[PDB]
């Protein structure tokens, strides 16, 4: 059998781990009863938990260029859909002490509405009023510049929806419309744009070349290879 913890239990365990890396029997016991768990489960968790001018760099840019020169298409679902390739970046030139906030947003590329026929995209009208507006704040926000610069920053959890009445907080886009992602860095007491990451939101794939590019590169689509 498999046992899962509550978002509450996990979060509280996470909040303490960010304060203390090790616990003592009394510290372990008191937390367990608060979390309505046994001391052993808490014990195991912490053991398990222990392992594992500003310049921004888009990693795996090569894969984006592969998609880019073909015409980047992105699937949007009512429930929300991941971006492939994943928007991972490395940031440098930050203040180690200063706390920052990383977030993403996706703005319209143009003012046209496209369609795909005979291996060709064509403006078949004006862009629909793209509303409302939503941002994607990175989970690790807010954190010090030292944390952001420590390793890569992954925006892979970002999900895309076509549901204008989405109750989950995913960035809402209009299907059959071209879009451009933007990275923003803010403080607490700069915008970086990559034209190659520009895409078109779709409800289903058009050019199978894009489709083939995804399958041979997306680990989850490994079930569809020859």
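Residue numbers count along the first chain shown, from 1.
A.B. asks: Do any residues of the deposited sequence lie unmodelled between residue 189 and residue 190, and which range holds their number: none, 1 to 3, 4 to 9, or 10 or more?
C.D. replies: Gap between residue 189 and residue 190: 10 or more unmodelled residues.
A.B. asks: Are residue 52 and residue 53 truly consecutive in the deposited sequence, or are residues between them missing coordinates? Give the number as none, 1 to 3, 4 to 9, or 10 or more.
C.D. replies: Missing in between: 10 or more residues.
A.B. asks: Which of the two stretches, 56-64 or 163-171, shows the higher mean Cα temperature factor in the record?
C.D. replies: Looking at the record's C-alpha B-factors, the answer is 56-64.
A.B. asks: Between 118-126 and 136-144, point out the one with the higher average CA B-factor as the PDB entry records it.
C.D. replies: Per the PDB record, 118-126.
A.B. asks: Would you mind checking where the Cα B-factor of residue 198 ranks among the modelled residues of its chain, as the lowest, middle or highest third?
C.D. replies: It falls in the bottom third of the chain.
A.B. asks: When the modelled residues of the chain are sorted by Cα temperature factor, does residue 78 land in the lowest, middle or highest third?
C.D. replies: Answer is lowest: the recorded C-alpha B-factor places it there.
A.B. asks: Is the Cα B-factor recorded for residue 9 in the lowest, middle or highest third of its chain?
C.D. replies: For residue 9, the deposited C-alpha B-factor lands in the lowest third.
A.B. asks: Mind checking which third residue 40 falls in for C-alpha B-factor across the chain?
C.D. replies: For residue 40, whose C-alpha B-factor we compare with every modelled residue in the chain, the answer is the highest third.
A.B. asks: Split into thirds by Cα B-factor across the chain's modelled residues, where does residue 28 land: lowest, middle or highest?
C.D. replies: Ranked within chain, residue 28 CA B lands in the highest tercile.
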